[PDB]
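So this first bit is one chain, no partners, the form deposited in one PDB entry, shown in structure tokens.
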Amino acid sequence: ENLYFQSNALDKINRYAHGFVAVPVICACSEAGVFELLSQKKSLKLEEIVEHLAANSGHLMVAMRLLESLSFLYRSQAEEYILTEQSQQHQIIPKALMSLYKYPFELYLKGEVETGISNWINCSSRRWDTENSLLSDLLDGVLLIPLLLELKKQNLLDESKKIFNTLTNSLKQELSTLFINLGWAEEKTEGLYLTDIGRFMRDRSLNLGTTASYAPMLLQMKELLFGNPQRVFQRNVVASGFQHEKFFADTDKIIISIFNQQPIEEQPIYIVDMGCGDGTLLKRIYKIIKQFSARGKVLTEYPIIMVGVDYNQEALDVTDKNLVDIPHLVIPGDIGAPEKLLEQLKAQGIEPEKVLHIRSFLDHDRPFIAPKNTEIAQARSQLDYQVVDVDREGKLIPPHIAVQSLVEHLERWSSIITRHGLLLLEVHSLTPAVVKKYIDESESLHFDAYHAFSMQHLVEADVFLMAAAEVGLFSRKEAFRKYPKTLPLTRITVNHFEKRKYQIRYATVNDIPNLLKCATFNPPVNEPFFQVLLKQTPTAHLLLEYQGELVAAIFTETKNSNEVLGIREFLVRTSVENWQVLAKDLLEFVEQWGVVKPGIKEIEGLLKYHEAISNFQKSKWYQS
């Protein structure tokens, strides 16, 4: 899809979805006095703004991260929010624009309400009286998402006969002016027709329905930020509405490769899908195995049994019927109760050693279970995670608590995973620093806000991989993929996790005594330098740990305005058996971790230190 359609169509729709979420957040903060407060106090931490405004810290934090990403707020290193030169743009947003989130567009297009949208069309033609091109697009999105969705639902952009000509003259004049102003239609000599851009708005699948369904919650943004969120939440795969489904083609390829492994008898027998839904992913994998893999030539001799697992009983039945001509079973289960799933499998003679676990876009939707390792959870408060996670009351869950929860969740899975591993797709959030640079290219701004508001559990891609590594789960380099492919940001990982005998975790001050005993490729580093290095970037330095032994550590730094990740130390404990393979594993992980680290465009040092350990032959290493 070419460059002209990228910037004049795709980017436009993405900005409209941005505005659809961002304009309600800005208005609710604007009306509550957030920018007035920050204009009086110069700078405030989240908990201070919460106190002054009696806010819900969780949802307000979502809002703060959105405002920072749009440059409406600056956030200092001490984590105080500060006004910016763009803050004052909140005054450009007409207060009454929020009424569109309850405007019956369906009745408007049928001529059944006299109150129309005529001044919002004129606002749009005046580009909302601002010179900020992006703001004009955020504001258009409030009108255009619901209107275009409704236009398409009533087939009013169909181009046989003419466009709009079945409407009343005033309705057809309003909409012709809007579509001409937008560049979506032009008056040719015989009539009015769509342009290439308007035809793109009509024909391409743009997730309009998904974005428009954010509306009932966005209507209640004031209640969510400053009132009672339990009033807001009163009374078959949404996440796979991205801009493509390349990741299922990747899953296809990974699957084929698993079931091309030789000899056949070492392949899995059961494919257990957590969150089976309507059996779609299972049916798709079974047909792929049949038509394209070696195993598909011998399904009579070596059966494959598809297993759908889901916590909703109705989903089991739709799955059980949709897989009627496929050897399958249907079992109730919950992600986050994998030990119960294993007890269930074993109660039907399914040996765990014969199982390949799969799931798509589900760990972020698990029921949150609070950390049970109280001590380990506390020790994690020294790290510096940016995770935003909201609880039943609208309060902010402390980032180390949210990550500890994730780690204990992956530890439960880690203990039932077998030699066949765990095929796992997941969606990930971004940091405000990165969303800032890629507002047009990435959906993060509205998606991360909407899903955090919804009390779901997104983390940054590198946090997710580190949480898996802490529990012995490693995304096989042969299968790994990240999207988007060509931007220094990661919204989707495609993973084939395997269980390994070691763990990789972040190094801490407590690791210094064993760091001091390591051989090292650069001049050895003393206690105080380790103290500084670790306190200033507590999530920059990784170690590989095996049965308690420090085997290796790598120290990194992020430079070139946060685009280049560089390696600055490599420590090995050469007394440890197989340290050379283990050190090379740690290095391979650092490469994957760097590929998904938000903002990182390239990595420096991977050839240098792989060579040093590859041909270690020369103890030109300090301390043996």
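Residues carry their position along the shown sequence, with the first being 1. The term rigid core refers to the most C-alpha atoms you can superpose between the two forms while keeping them within 1.5 Å.
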Counting only other entries that model residues on either side of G191, is it left out in at least a third?
yes
Is it true that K162 has no coordinates in a third or more of the other entries in the comparison?
yes
Length class of the unmodelled deposited segment, which would lie between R235 and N236:
10 or more
Taking only the CA atoms, which stretch has the higher mean B-factor in the record, 158 to 166 or 82 to 90?
158 to 166
Highest mean C-alpha temperature factor of the two stretches 314 to 322 and 517 to 525, which is it?
314 to 322
For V25, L10, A17, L607, the deposited C-alpha B-factor is largest at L607
Determine which member of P432, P484, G141, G279 has the highest CA B-factor, using the values in the deposited entry.
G279
Going by what the PDB entry lists, where does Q378 fall on CA B-factor within its chain: lowest, middle or highest third?
highest
Which third of the chain does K346 land in by C-alpha B-factor: lowest, middle or highest?
highest
Which third of the chain holds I397 when residues are ordered by C-alpha B factor: lowest, middle or highest?
middle
Looking at the C-alpha B-factor of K153, is it in the lowest, middle or highest third of its chain?
middle
Looking at the entry's B-factor column for C-alpha atoms only, identify whether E569 ranks in the lowest, middle or highest third of its chain.
middle
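The form deposited in another entry is left out here; the points below concern that form.
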Following superposition of the rigid core, which of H90, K246, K222, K395 is the only residue with a C-alpha displacement of 2 Å or more between the shown form and the other one?
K246
Core aligned, does the CA of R500 move at least 2 Å between the shown form and the other one?
no
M466: CA shift of at least 2 Å between the shown form and the other one after core fit?
no
Tell me, please, whether between the shown form and the other one the C-alpha of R204 is shifted by 2 Å or more, with the rigid core used for superposition.
yes
Inter-Cα distance between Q243 and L487 in that other deposited form, nearer or further [3 Å or more]:
farther
Compared with this form, is the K161-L182 Cα separation smaller or larger in that other deposited form, the difference being 3 Å or more?
closer
